[PDB]
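Participant: Chains as they are written, first to last, in the entry's author numbering: chain V, 1110 to 1150; chain R, 710 to 847, 851 to 1150; chain B, 860 to 1059; chain Z, 710 to 759; chain E, 610 to 679, 689 to 709.
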Amino acid sequence: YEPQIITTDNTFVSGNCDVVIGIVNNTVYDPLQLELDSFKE
Amino acid sequence: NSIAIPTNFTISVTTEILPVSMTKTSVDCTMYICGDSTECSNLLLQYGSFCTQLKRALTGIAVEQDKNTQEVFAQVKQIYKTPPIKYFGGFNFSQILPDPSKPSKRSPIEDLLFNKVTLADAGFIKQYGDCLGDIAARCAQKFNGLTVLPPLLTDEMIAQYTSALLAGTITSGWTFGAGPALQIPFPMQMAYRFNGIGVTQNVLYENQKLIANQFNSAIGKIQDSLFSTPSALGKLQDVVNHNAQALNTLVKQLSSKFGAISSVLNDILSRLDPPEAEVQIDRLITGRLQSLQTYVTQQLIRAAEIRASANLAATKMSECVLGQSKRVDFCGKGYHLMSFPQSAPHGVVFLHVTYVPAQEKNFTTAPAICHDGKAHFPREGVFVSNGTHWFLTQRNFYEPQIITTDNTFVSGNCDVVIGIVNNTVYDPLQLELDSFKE
Amino acid sequence: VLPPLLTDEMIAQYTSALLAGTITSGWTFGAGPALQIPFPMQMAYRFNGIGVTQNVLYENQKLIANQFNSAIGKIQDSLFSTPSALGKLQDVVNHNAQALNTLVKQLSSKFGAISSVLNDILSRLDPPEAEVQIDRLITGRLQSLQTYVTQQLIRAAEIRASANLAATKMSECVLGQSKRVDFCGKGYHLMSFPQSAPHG
Amino acid sequence: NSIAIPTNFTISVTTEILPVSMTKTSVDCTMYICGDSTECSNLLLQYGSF
Amino acid sequence: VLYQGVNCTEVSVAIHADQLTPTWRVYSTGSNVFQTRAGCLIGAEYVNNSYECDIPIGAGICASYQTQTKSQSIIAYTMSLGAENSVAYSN
Ligand SMILES: *[C@@H]1O[C@H](CO)[C@@H](O[C@@H]2O[C@H](CO)[C@@H](O[C@@H]3O[C@H](CO)[C@@H](O)[C@H](O)[C@@H]3O)[C@H](O)[C@H]2NC(C)=O)[C@H](O)[C@H]1NC(C)=O
Ligand SMILES: *[C@@H]1O[C@H](CO)[C@@H](O[C@@H]2O[C@H](CO)[C@@H](O[C@@H]3O[C@H](CO)[C@@H](O)[C@H](O)[C@@H]3O)[C@H](O)[C@H]2NC(C)=O)[C@H](O)[C@H]1NC(C)=O
Ligand SMILES: *[C@@H]1O[C@H](CO)[C@@H](O[C@@H]2O[C@H](CO)[C@@H](O)[C@H](O)[C@H]2NC(C)=O)[C@H](O)[C@H]1NC(C)=O
Ligand SMILES: *[C@@H]1O[C@H](CO)[C@@H](O[C@@H]2O[C@H](CO)[C@@H](O)[C@H](O)[C@H]2NC(C)=O)[C@H](O)[C@H]1NC(C)=O
Ligand SMILES: *[C@@H]1O[C@H](CO)[C@@H](O[C@@H]2O[C@H](CO)[C@@H](O)[C@H](O)[C@H]2NC(C)=O)[C@H](O)[C@H]1NC(C)=O
Ligand SMILES: *[C@@H]1O[C@H](CO)[C@@H](O)[C@H](O)[C@H]1NC(C)=O
Ligand SMILES: *[C@@H]1O[C@H](CO)[C@@H](O)[C@H](O)[C@H]1NC(C)=O
Ligand SMILES: *[C@@H]1O[C@H](CO)[C@@H](O)[C@H](O)[C@H]1NC(C)=O
Ligand SMILES: *[C@@H]1O[C@H](CO)[C@@H](O)[C@H](O)[C@H]1NC(C)=O
Ligand SMILES: *[C@@H]1O[C@H](CO)[C@@H](O)[C@H](O)[C@H]1NC(C)=O
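(1) List the residues that DSSP assigns as beta-bridge partners of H1064/R.
(2) Determine, using beta-carbon pairs with one atom in the segment 637–648 of chain E and one in the segment 611–624 of chain E, whether at least three such pairs fall under 8 Å.
(3) Among the candidates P809/R, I712/R, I720/R, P715/R, whose CA atom is the shortest distance from the CA of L1063/R?
(4) Would you list the residues sitting across from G1059/R in a DSSP beta bridge?
(5) Taking its Cβ as the centre, do 16 or more other Cβ atoms sit within 10 Å of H1058/R, making it buried, or is it exposed?
(6) Which chain R residues are close to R646/E, counting only those with a beta carbon under 9 Å from its beta carbon?
(7) How far does the beta strand (DSSP E) with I1115/V in it reach, from first residue to last?
(8) Under the three-state reduction of DSSP, which class applies to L753/Z: helix, strand or coil?
(9) Counting C-beta neighbours from all protein chains within 10 Å, is the total for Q836/R 16 or more, i.e. buried, or is it exposed?
(10) CA-CA distance, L822/R and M740/Z?
(11) Looking at the C-beta of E990/B, does it have a partner C-beta in chain Z at a distance below 8 Å?
(12) Could you give the residue range of the alpha helix (DSSP H) that holds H954/B?
(13) Among the candidates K1149/V, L1145/V, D1139/V, whose CA atom is the shortest distance from the CA of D1118/V?
(14) Going by C-alpha distance, which of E654/E, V610/E, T696/E, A668/E is nearest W633/E?
(15) Which residues in chain Z have a C-beta closer than 9 Å to the C-beta of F970/R? List them in chain order.
(16) CB of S711/R to nearest heavy atom of ligand 8: below 7 Å?
(17) Within 10 angstroms of its Cβ, does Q1036/B collect 16 or more other Cβ (buried), or is it exposed?
(18) Where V915/R and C1043/B are concerned, what is the direct C-alpha to C-alpha distance, given to the nearest angstrom?
(19) When every heavy atom of ligand 3 is checked, does at least one fall within less than 7 Å of the C-beta of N1135/V?
(20) If we cut at 8 Å on Cβ distances, does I712/Z have a partner in chain B?
(21) Counting only the same chain and skipping the five closest in sequence on each side, list residues whose C-beta sits under 8 Å from that of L1012/R.
(22) What residues of chain B sit near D1041/R, judged by a beta carbon separation below 7 Å?
(23) Which whole-angstrom value describes the C-beta separation of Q913/R and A924/R, a residue pair presumed to lie in contact below a C-beta threshold of 8 Å?
(24) Should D1041/R be labelled buried (16 or more other beta-carbon atoms within 10 Å of its own) or exposed?
(25) Judging by CA-CA distance, which residue of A944/R, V991/R, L922/R, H954/R is the nearest neighbour of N801/R?
(26) How long is the line joining the alpha carbons of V951/B and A944/B, rounded to whole angstroms?
(27) Rounded to the nearest angstrom, how far is the Cβ of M731/Z from that of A956/B, given a contact under 8 Å?
(28) According to a CB-to-CB cut-off of less than 8 Å, which residues of the segment 929–962 of chain R neighbour chain Z?
(29) When every heavy atom of ligand 9 is checked, does at least one fall within less than 7 Å of the C-beta of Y655/E?
(30) In the DSSP assignment, the beta strand (DSSP E) including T676/E goes from what residue to what residue?
(31) Please name the residue or residues paired with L922/R in a DSSP beta bridge.
(32) Straight-line CA distance for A694/E to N717/R?
(33) For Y796/R, does the count of other Cβ atoms within 10 angstroms reach 16, so buried, or fall short, so exposed?
(34) Ordered along the chain, which non-local residues of its own chain (more than five positions away) have a Cβ less than 6 Å from that of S875/R?
(35) Just to check, is the beta-carbon of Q1071/R closer than 7 Å to a non-hydrogen atom of ligand 6?
(36) For chain R, check one thing: does any of its Cβ atoms lie closer than 8 Å to the Cβ of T1009/B?
This is how it looks when you write it as structure tokens:
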């Protein structure tokens, strides 16, 4: 056990959310977008 | 430049039948050679430690057969049970899990496996049969000194070990084999088993219902195949038949004369005075020792063969049931995913659950993609083309994806790779960088 | 002596099928339908499997092909040069030949009898003694057959263990890429090729 | 803090030789023991199923 | 003493008739004679409590030397296979 933040580097994307049984809603933190908003401001 | 890649898959369940134990026999040396005859026994003493050796050999065999059964089945330190809900993502295990409504708590498949195999030795308190009918011949019927010892573990205890192994595998995957059992939803156990064979977990989730239905169909097919085919349980019936044949021959040898005036020891003692009876008895003793030594030699050889089989069965249970083996064809044909044990008389049946690629299509391929003078190689999978566009796909299931910096790595100039094909490699980050300010 | 069920031509056909399958389709040959793959990409996969990045093969593809071809030539020369290279199979043949020659040789032994020939015993002696002398020859010859069969059962068990090992190695080394150290030769395993040999 | 890393490699081919089968034999006990001798065969009959 | 393959009733009859070839006799009391599938076991008290197997007898029955009540004696029991473990499986 070693919890990490769920990000777009730790996960991969395949398909929509309707087909997977038991899918849950959560935030996935993209590094690039965050840096974009820190760089901009 | 052509590669074939499966666009579909089949869930295949196969059976493997292995002997684990041999019928445990015991021979009363004095009863067989010199039954209720003091003079014959006294003559037998002149041959030394004959009986003292066969008894050890047969005891060693009997102990070895109980050791073989424990090595194959006593691989778990706790008895695991399934939850009362028994819902596992749509995977139906009712044909392999214990049926509570029947005595002995055997699964339907185990019940068929036990009903199909005919046991000639039928170890029990044989005096219960008594008489009142023609003798069964089950093969001395005890009376000639040949008896059968029961196993240490009863069929119910073996079924309980099988149930514990099944509950552990179903509810915790391989974490129970290595250490404490850790609960996991069955579909995630399947997702990790998909990863074991090089197939991304998402393949399971989009096709979870298809996979569960193919699994249930395969289990039903196994149930029907085992029921329908008479000579399905060949190896176990062959072991039973060889032991029965050995005992039938050993008992039938008592009727031989070996040069004596009569095969019946009481007739020799009745007809002749000691000095002639001793010669006729010595002839019968010599023949009886030859018969017993031959029987024991073959039983030792068969015991070694059964030991090798039991060791293979234990290895398979450890590597196929308590984990996901990567050995090709060790745990059935196809890519090994998992297995389920079932008890059978004198042996074990493994149900091996594997995938068979299906509906392959052949695409054009390339060792690498050349972009701005750099050779791009896939991190995982291979490059394919449908004739107009290049994609990166996982090797064991067709799933095209756009070729990107994150999917590939760069090593060297395009000039070194013999088969490199010119194509665009898309560059994430740069695209959005532009959009940000431009 | 009974012939094998599969003749040398059928064994050669199985070996050829195994070679064509492995060369054309790699590790898929034994799992499901054969899937063609270019051989350099099969080797690239195998290199990635041992832990060497697939770019090593492509950058050094000609060197690797030359080393492979040289190694195969060296194998043929090694088998040609060394008389003992195939000793295991010659030993199996010699042991069966020795066992059969031993059984035939035992027919000339007296085993305590006055003569090794049954017709001489019957001609020269009266029935009463002749039955004893014949019983001695029968005892000796029956012991010779029992010894032969026991030795053949032991040898058969040894051959069965060897055959099971060979089948396991073919299924794990030829139909796939094994990670078992020293199971499929010394070094990091890439692949294997079967060849038929008499009795092995 | 010292590690050795290979900078080159060799492709090696080795041979492993395994027996698979042995010569299949069959024995006629009467001819072997009793070479067409009727008296020998009749005596042999008293040894049963050997 | 285990009388392999013999019914305990036959053993008791043979003992009362002094027909058994061995001349020694095992002390017989109520609950000291237990019928197993392997045979008749005389000289061990059968208990309901299941334990790990120590001295195997057969057909699930194993004997051991254990303290009862206050007093160590030989007992016979049905083998325990192991501790139970219910896995908290859920979706
Ligand atoms: C898991 O699978 C088992 C079978 O492998 C399912 O039990 C089966 O349930 C169906 C329900 O319709 C039974 O059908 C019945 O068949 C009899 C045949 O005479 C018929 O008369 C009835 O009207 C009905 O059509 C089927 O027999 C039964 N099979 C067994 C062996 O019990 C079970 O329901 C499945 N569980 C889940 C959760 O999917
Ligand atoms: C890694 O090792 C391999 C050998 O295992 C090296 O390849 C070998 O390189 C030598 C040159 O140093 C080659 O020798 C030359 O062969 C030609 C043949 O015509 C000859 O004309 C030259 O005079 C010289 O003798 C050798 O053949 C070659 N081996 C093979 C199989 O091609 C390789 O260079 C090594 N790489 C590194 C980075 O160390
Ligand atoms: C997970 O989040 C999605 C998106 O917010 C949810 O989908 C919405 O569900 C509401 C009702 O619950 C609808 O009115 C919206 O139109 C849906 N939008 C989309 C894009 O699907 C989904 O229901 C959430 N699931 C759970 C279990 O909370
Ligand atoms: C190869 O695959 C690409 C990607 O799907 C195909 O191009 C797409 O085709 C769909 C229709 O199936 C269109 O909706 C997309 O807009 C197309 N995208 C592009 C970039 O062309 C292409 O047609 C396929 N070619 C063959 C021969 O199968
Ligand atoms: C891939 O693209 C490169 C660059 O666009 C091509 O390189 C040219 O190759 C031709 C011969 O086919 C030479 O005459 C040019 O001088 C090369 N130019 C450069 C900048 O390298 C390469 O040929 C292309 N390969 C394929 C297969 O189309
Ligand atoms: C794969 O095959 C199954 C039948 O075995 C079929 O139901 C399914 O639709 C197929 N999937 C695709 C993508 O062709
Ligand atoms: C022993 O004999 C009695 C005789 O009444 C019988 O009832 C009992 O079932 C027998 N038990 C066994 C194990 O043979
Ligand atoms: C695909 O395989 C079939 C097999 O007969 C062959 O005829 C066809 O030409 C192949 N196509 C490609 C693009 O390799
Ligand atoms: C075990 O418990 C049952 C409960 O009904 C009892 O009848 C039986 O005699 C007990 N056995 C022993 C050996 O105490
Ligand atoms: C798992 O999902 C099924 C869906 O039918 C449901 O019936 C079952 O109760 C769920 N399990 C738990 C523990 O809630």
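Positions of the beta carbon are idealized from the N, C-alpha and C atoms, including for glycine.
Facilitator: Reading it off the structure:
(1) Walking along the second sequence from the start, residue 1064/R turns up at place 352. Paired residues: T723/R, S1051/R.
(2) yes
(3) As a position in the second sequence, residue 1063/R is number 351, starting the count at 1. When only C-alpha atoms are compared, the closest one is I720/R.
(4) Residue 1059/R sits at position 347 when you count from the first residue of the second sequence. Partner(s): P728/R, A1056/R.
(5) Your numbering for residue 1058/R matches position 346 in the second sequence. So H1058/R ends up on the buried side.
(6) Taking the first residue of the fifth sequence as 1, we reach residue 646/E at position 37. Simply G832, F833, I834, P862, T866.
(7) As a first step, residue 1115/V must be located in the first sequence, where it is residue number 6. Looking at the DSSP string, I1115/V is not in any beta strand (DSSP E), and its letter there is neither H nor E.
(8) In the fourth sequence, residue 753/Z corresponds to position 44, counting from 1. Of the three classes helix, strand and coil, the one that applies to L753/Z here is helix, per DSSP.
(9) On the second sequence, position 127 is the one that residue 836/R refers to. The residue is exposed, with fewer than 16 neighbouring Cβ atoms inside 10 Å.
(10) The residue labelled residue 822/R in the question sits at position 113 within the second sequence. The residue labelled residue 740/Z in the question sits at position 31 within the fourth sequence. C-alpha separation (whole angstroms): 45 Å.
(11) Locating residue 990/B in the third sequence gives position 131, where the first residue counts as 1. Chain Z contact via Cβ: present.
(12) The residue labelled residue 954/B in the question sits at position 95 within the third sequence. Residues 946–965.
(13) Taking the first sequence and counting its residues from 1, the one referred to as residue 1118/V is at position 9. Among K1149/V, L1145/V, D1139/V, the Cα nearest to that of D1118/V belongs to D1139/V.
(14) Taking the fifth sequence and counting its residues from 1, one reaches residue 633/E at position 24. Among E654/E, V610/E, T696/E, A668/E, the Cα nearest to that of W633/E is on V610/E.
(15) For this step, residue 970/R is matched to residue 258 along the second sequence. Neighbours of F970/R on chain Z, chain order: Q755, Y756, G757.
(16) Counting from one through the second sequence, the residue named residue 711/R turns up at place 2. Yes - ligand 8 has a heavy atom lying nearer than 7 Å to the Cβ of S711/R.
(17) Sequence index remark: in the third sequence, residue 1036/B carries index 177 (1-based). When all chains shown are included, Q1036/B counts as buried.
(18) Within the second sequence, the letter at position 203 stands for residue 915/R. Within the third sequence, the letter at position 184 stands for residue 1043/B. Rounded to the nearest angstrom, the two C-alpha atoms are 33 Å apart.
(19) Indexing the first sequence from 1 puts residue 1135/V at position 26. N1135/V: no, Cβ never under 7 Å from ligand 3.
(20) As a working note, residue 712/Z is residue 3 in the fourth sequence. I712/Z does not count as touching chain B.
(21) One-based indexing of the second sequence puts residue 1012/R at position 300. Excluding sequence neighbours, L1012/R sits near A766, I770.
(22) Counting from one through the second sequence, the residue named residue 1041/R turns up at place 329. Going along chain B in sequence order, the residues near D1041/R (Cβ under 7 Å) are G889, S1030, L1034.
(23) The residue labelled residue 913/R in the question sits at position 201 within the second sequence. The residue labelled residue 924/R in the question sits at position 212 within the second sequence. Going by Cβ atoms, the distance from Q913/R to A924/R rounds to 16 Å, so no, they are not a contact pair.
(24) Stepping through the second sequence from its first residue, residue 1041/R is reached at position 329. By the neighbour-count rule (16 or more Cβ atoms within 10 Å), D1041/R is buried.
(25) As a position in the second sequence, residue 801/R is number 92, starting the count at 1. For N801/R, the nearest C-alpha among the options comes from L922/R.
(26) One-based indexing of the third sequence puts residue 951/B at position 92. One-based indexing of the third sequence puts residue 944/B at position 85. Looking at the two C-alpha atoms, the distance is approximately 14 Å.
(27) As a first step, residue 731/Z must be located in the fourth sequence, where it is residue number 22. As a first step, residue 956/B must be located in the third sequence, where it is residue number 97. With a Cβ gap of about 11 Å, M731/Z and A956/B do not count as contacting.
(28) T961
(29) Sequence index remark: in the fifth sequence, residue 655/E carries index 46 (1-based). Yes; taking the cut-off as 7 Å, the Cβ of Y655/E has a heavy atom of ligand 9 nearer than that.
(30) Position 67 of the fifth sequence holds residue 676/E. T676/E -> beta strand (DSSP E) spans 670–676.
(31) Within the second sequence, numbered from 1, the residue matching residue 922/R stands at position 210. Answer by DSSP bridge pairing: none, since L922/R is not bridged.
(32) Taking the first residue of the fifth sequence as 1, we reach residue 694/E at position 76. Taking the first residue of the second sequence as 1, we reach residue 717/R at position 8. Cα to Cα, the separation comes out at about 58 Å.
(33) On the second sequence, position 87 is the one that residue 796/R refers to. Per the 10 Å Cβ criterion, exposed.
(34) Within the second sequence, residue 875/R is the residue found at index 163, counting from 1. Closer than 6 Å at Cβ, skipping near neighbours: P807.
(35) Position 359 of the second sequence, counted from the start, is the residue given in the question as residue 1071/R. Correct: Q1071/R has its Cβ closer than 7 Å to ligand 6.
(36) The sequence position of residue 1009/B within the third sequence is 150, counting from 1. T1009/B counts as touching chain R.
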